[PDB]
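Participant: First the structure, which I've put down as structure tokens, then a few questions once you've had a look.
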Amino acid sequence: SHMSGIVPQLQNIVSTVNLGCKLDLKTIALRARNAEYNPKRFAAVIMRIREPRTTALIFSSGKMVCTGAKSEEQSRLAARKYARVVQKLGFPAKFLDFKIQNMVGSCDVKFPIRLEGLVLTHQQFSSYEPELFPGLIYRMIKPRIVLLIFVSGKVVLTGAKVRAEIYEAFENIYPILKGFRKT
Amino acid sequence: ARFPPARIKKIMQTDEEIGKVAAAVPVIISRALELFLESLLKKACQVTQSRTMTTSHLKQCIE
Amino acid sequence: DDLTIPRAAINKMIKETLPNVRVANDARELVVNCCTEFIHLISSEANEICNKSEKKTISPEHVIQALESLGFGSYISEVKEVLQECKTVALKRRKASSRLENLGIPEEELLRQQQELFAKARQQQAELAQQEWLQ
DNA sequence: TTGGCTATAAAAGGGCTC
DNA sequence: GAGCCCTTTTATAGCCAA
């Protein structure tokens with residue numbers, strides 16, 4: 001009959017892009033301004049940029065991982081700036097196979113929730129152990145996304161490849177959540 | 001008493017030389033730390049009864 | 001870093017080990033600190049035994065050898081046991097995931113079950129809504 | 001308050017265990 | 001070799017810190 005009326009907001013995005021050319025992290029870490037490198041602890045350069053505020057993990061194979069964006073194109077932009085950076089540093093930097101790998105969303109249903117029950121009616125899809133973690137962990141099968149539901153009515157959605165999966169997951173869970181409202 | 005592996009790993013890596021460490025390591029070090037305190041406290045207790053346990057009774061065990 | 005094992009952990013150890021022994025708060029601070037020293041001692045020795053072992057990651061073996069090497073050989077008994085339970089825990093956890101992904105109710109019926117709960121809930125809030133809307 | 005543990009998804013690879 | 005680890009990011013949030 002009605003749509004929740006609540007639209008989940010994007011909080012994080014993980015994309016990957018292949019620069020297509022071997023890279024020497026020692027070299028990159030050497031001159032790149034905000035670059036970290038400890039092949040000791042982690043086998044990849046850790047670069048960051050202020051806008052879009054993000055973080056990239058650059059590997060030797062040229063492949064890269066970009067995290068922190070709040071939208072698909074914001075993530076693709078940041079990915080490009082990281083590409084031009086590796087580029088200016090004297091490397092044959094291309095921009096191949098950019099792909100969003102994960103999207104995180106969050107919203108507020110604006111009302112407490114009886115996690116205690118939800119984990120009973122839907123036990124085969126839930127994992128609730130307040131001793132371990134305060135929120136209820138919900139695994140939706142279609143679309144395939146994971147939700148973090150908190151007594152306060154705040155809800156996190158993750159695992160999506162395209163934002164529609166997040167909106168589909170929330171619209172499915174909203175009526176369930178209203179059926180477990182706390183009073 | 002068992003000790004926080006996460007904390008133990010963070011402590012281990014306060015050393016720049018220490019690289020990656022196997023997940024199970026911090027937990028055995030915890031057991032080791034446990035065996036070390038029991039042996040240490042029990043000796044210091046002896047030193048205390050040969051005089052409340054103080055900072056001195058302990059140091060004379062890390063000499 | 002100024003990381004140290006939680007005071008409470010050391011106090012539970014003192015209580016469990018020295019039942020009925022007043023321990024100065026000052027001394028309690030020294031034990032908390034010996035803890036971090038020991039971790040560094042074992043780690044450093046293990047890290048060397050490691051470089052030599054042509055390996056990259058400090059393994060539970062390097063830690064056992066450092067213990068012996070450092071003069072803590074008498075711990076290797078109880079430490080081997082813990083290393084065991086660790087392998088067992090990891091093994092059980094591997095097999096549990098294997099079953100979760102390969103021997104559970106076929107996804108098809110799991111999906112159906114879940115959609116049933118979803119459609120059903122839409123139905124309820126559909127009525128509970130329309131009814132309240134009839135006022 | 002600050003911040004780290006705990007939890008989730010996901011990619012990248014070099015290191016490891018049955 | 002199948003598959004877990006580690007590292008990074010982020011919403012959310014109780015427990016903990018001596």
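Every chain in the structure tokens takes a letter, A first, then B, and so on in the order presented; its residues are numbered from 1, and the ligands are numbered from 1 following the presented order.
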Restrict the distance test to only C-alpha atoms (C1' of nucleotides), flag each residue of chain C within 10 Å of chain D, and return the flagged residues as a PyMOL selection string.
Facilitator: chain C and resi 55-57+59+87+90-91
Participant: Distance cut-off 9 Å, counting only C-alpha atoms - which residues of chain B neighbour chain A? Return them as a PyMOL selection string.
Facilitator: chain B and resi 16-20
Participant: Which is closer to chain A than all the others in C:21, C:67, C:110, C:27, using only C-alpha atoms?
Facilitator: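 Smallest distance to chain A is found for C:110.
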Participant: Give me the chain A side of the contact with chain C, cut-off 6 Å, one line per residue showing its nearest atom pair and distance in Å at one decimal, counting only C-alpha atoms, sorted by chain and residue number, as a Markdown table.
Facilitator:
```
| residue | atom | partner | partner_atom | distance |
| --- | --- | --- | --- | --- |
| A:141 | CA | C:111 | CA | 5.9 |
| A:175 | CA | C:122 | CA | 5.7 |
| A:176 | CA | C:121 | CA | 5.6 |
```
Participant: Output N, CA, C and O atoms for every residue in that selection, as a short mmCIF file (atom, residue, chain, number, x, y, z; two decimals), in the first residue's frame.
Facilitator:
```cif
data_model
loop_
_atom_site.label_atom_id
_atom_site.label_comp_id
_atom_site.auth_asym_id
_atom_site.auth_seq_id
_atom_site.Cartn_x
_atom_site.Cartn_y
_atom_site.Cartn_z
N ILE A 141 18.35 -12.73 1.49
CA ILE A 141 18.76 -13.57 0.35
C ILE A 141 18.52 -12.92 -1.02
O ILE A 141 19.28 -13.14 -1.95
N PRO A 175 8.49 -3.10 6.78
CA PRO A 175 7.28 -3.65 7.40
C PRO A 175 7.58 -4.70 8.47
O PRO A 175 6.81 -4.84 9.43
N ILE A 176 8.69 -5.43 8.33
CA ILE A 176 9.04 -6.42 9.34
C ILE A 176 9.36 -5.65 10.63
O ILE A 176 8.86 -5.97 11.70
#
```
Participant: I want to know what sits within 8 Å of residue 143 (chain A), based on only C-alpha atoms (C1' of nucleotides), with residues of the same chain fewer than 6 positions away left out; could you give that as a list in words?
Facilitator: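 The neighbour list is residues 165, 168 and 169 of chain A.
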Participant: Tell me as a list in words which residues belonging to chain B come within 12 Å of chain D, counting only C-alpha atoms (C1' of nucleotides).
Facilitator: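 Using only C-alpha atoms (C1' of nucleotides), chain B residues at most 12 Å from chain D: residues 4, 5, 6, 7, 10, 19, 20, 21, 22, 23 and 24 of chain B.
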Participant: Could you tell me, as a count of residues only, which residues of chain A DSSP assigns to strand (DSSP E or B) when given the backbone?
Facilitator: 66
Participant: Find the spatial neighbours of residue 67 (chain A), counting only C-alpha atoms (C1' of nucleotides), within a cut-off of 6 Å - ignore same-chain residues fewer than 4 positions away - and output them as a ChimeraX atom specification.
Facilitator: /A:13-14,54-55 /E:9
